[PDB]
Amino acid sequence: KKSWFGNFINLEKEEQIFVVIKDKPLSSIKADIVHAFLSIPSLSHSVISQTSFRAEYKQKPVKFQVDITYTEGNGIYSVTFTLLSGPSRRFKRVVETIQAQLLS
């Protein structure tokens, strides 16, 4: 399922990208995210909570946050990417490659 307007405009106060993860415990999800981070040489990150990270991709650097939250169903999770500062375009790209790791 692809979104028509995901790269078009942001009407919300915060620019965000959500990913729903079906069959992975919290430990796998975190491991996927960190792997993706390290796979990106121009990106440093740090741990700011048991369920959240901050990253910076380096013109202006893209700064963003990554949050994992439990939904209520069996256990499904969601990962929320939040742009703090920096160009949207570069943010969307970085998120795509993290998301790709998360989905496989």
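Residue numbers run from 1 along the displayed sequence.
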Residue 73-residue 74 interval: deposited residues absent from the model:
4 to 9
Count of coordinate-less deposited residues separating residue 35 and residue 36, as none, 1 to 3, 4 to 9, or 10 or more?
none
Just grab whichever of 65, 39, 69, 28 has the top CA B-factor as deposited.
39
Select lowest, middle or highest to describe the third in which the CA B-factor of residue 48 falls within its chain in this entry.
highest
B-factor third for the C-alpha atom of residue 104 within its chain
highest
When the deposited Cα B-factors of this chain's modelled residues are ordered and cut into thirds, is residue 9 in the lowest, the middle or the highest one?
highest
